[PDB]
Every structure is written in structure tokens, then in C-alpha cells.
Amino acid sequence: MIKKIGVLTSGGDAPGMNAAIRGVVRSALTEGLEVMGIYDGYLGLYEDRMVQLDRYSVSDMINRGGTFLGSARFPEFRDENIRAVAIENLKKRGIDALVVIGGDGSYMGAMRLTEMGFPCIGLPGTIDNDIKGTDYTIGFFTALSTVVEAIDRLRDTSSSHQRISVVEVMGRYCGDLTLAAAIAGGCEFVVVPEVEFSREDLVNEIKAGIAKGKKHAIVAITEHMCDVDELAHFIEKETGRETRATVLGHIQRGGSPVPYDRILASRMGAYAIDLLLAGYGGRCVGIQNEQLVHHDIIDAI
């Protein structure tokens, strides 16, 4: 029976990580436990930079973007000697288990602390949705709103001037953000990593749309597939239509979490506390067909 737990965020921040830390904290207290907030992911874990979290300390966190505890990249956690100090730290402090909020990367280290006998629950926090065992990641729907309001603005100007617009969306390895954005935004063309993409094809496709009388278009494309400035020039050479690329970049990582992310994060946070209480460890949470489910970390890794 666990008496005190630690909570941390690791990986790229996502809107809702704060609602999730609030969920863990409020649940934990309700169940008589003590919570220790760990700064900067595994780095602050390793350096022993922590803080005692109470009801008051998470009272204004639900509508706030980012992660109030910070996130770092501490690749050096792949090392036994470094994990060694992590455990010693946790031990000195009397922390029984840990909630880890983050991407695929953060799960790895959650597994490893499980093996050195530190029960860990992983909560999926990432804007790209690239986590197995969950329908959705925390932060996805927020990024989807950011991307679609941007598209809406780009459509206004594209349409004023009869131009073709190329928007570069985040989610390096997963087409979710882009595809969803393409649909919500009413974009004519979409380019995802999961589909055989041909510049030549695309260009034909636009020419056809034009010829039927489309005066403008919007092309949604996932980052790291093309050089969008170059793609834009290509498109323009073949259609004679003025083409401009827009890279939304890091605005997609920010902002106040939409309601789905506030709810998802709230529900997963409380549920992680449930799992810790029943003595589980090395588990990762998910939402499947509107139901909270939990899997063996290894399955996500």
C-alpha cells in the first residue's frame, strides 16, 4: 500500500498536461496520499528538484496550456548509473510510485523504473496522437483546433487573392493531425506519411480542380515530407497559380486545452491513481471506445 507518489511530464509539452497533473493530484489527496511534483521530467528526477503539491497548487490549472512542472530531454536516462541515482532520490524522499505524462519516449523510462521496482503509470500526452493503446492522446484535439482556426484564416486570404495555399502541420510520423485538419478545414488536397505521395500526381489533381473552376485551394501536408517552400514553387510553375507555403510550427504545441483534452486528462489522471492503489505497475493508460483501459507498457513500447 502506497503512501506517497511523484508526478512528472516528459517529452514535448501538450495542452492538457496541466489538467492531467491536477487530476492525479486531486485524486491522490482524496485517497489520503501525498504527491510530489517533479521538475523537468527525468532530469529533475535525477537532480532531485521536486515540490510538494496540495489542492491549492493545482486549483487554477485546468484551462492552462503547457506543463507547469516543465519538461526536459535527458537521454542519459538510457544509463543504468543515472537511473540508479533516480531511485536513490525517490527512495530518500519515500516516493512509492510515479505517474509519467508524455510521449512514447517517456514510457521507456517508466518501464525501466518498473524493473528496478518502482511502480509507474504512463499517461499519453502528445499533440500528434502517436501512442498505441489509445484512441487519442492528450493534446491532440487542442492542436487540431489550433490548426483548423489557422486554416480558416488562410482560406479567407487564399480566396481573396485566388491563390493556392500550402500548410505544414506537425506530427512527423503520424498523419492524424494533418488528415483531421484537412477534413475539418475543407482542404481539397492532403499529404500524409502513410500514403504514396507524388508531386506530379498532386499537380495533376490541382490542375483538374482549377479547370472545373476552383479559384483557390489549400494543401495540408505533414512536416518532414517536403520542403514546402520548394513544393510551393513547383506548384506555381505548373499551374501558373500563385502558391505560398505556411509553416504553423510551435503554435500547435500551445494554448488553453479544448474541453475534450480537459476531460480526457481529468479522467486519465484519476484512473492512474486507481491503478496505483490496486498495486499495478508498468501500466500505460488509454481511452478505447470511450472507455478507460490500461495496457502493459511493453505493448506500447
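Sequential numbering from 1, following the sequence displayed.
On average the C-alpha atoms of 50-58 have higher B-factors than those of the other stretch, with 255-263 and 50-58 being the two compared. Looking at 202-210 and 185-193 together, the entry lists the larger mean B-factor for 202-210, computed on C-alpha atoms.
Out of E80, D229, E223, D152, it is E80 whose C-alpha atom has the highest B-factor in the PDB entry. Highest CA B-factor among the listed residues (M116, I218, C174, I138): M116. Residue-level temperature factors show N18 in the lowest third of its chain, judged at the C-alpha atom. Split the chain's modelled residues into thirds by C-alpha temperature factor. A97 is in the middle one. The entry lists a Cα temperature factor for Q162 that places it in the middle third of the chain's modelled residues. The deposited CA B-factor of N89 belongs to the highest third of values across its chain.
The PDB entry assigns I121 a C-alpha temperature factor belonging to the middle third of its chain's modelled residues.
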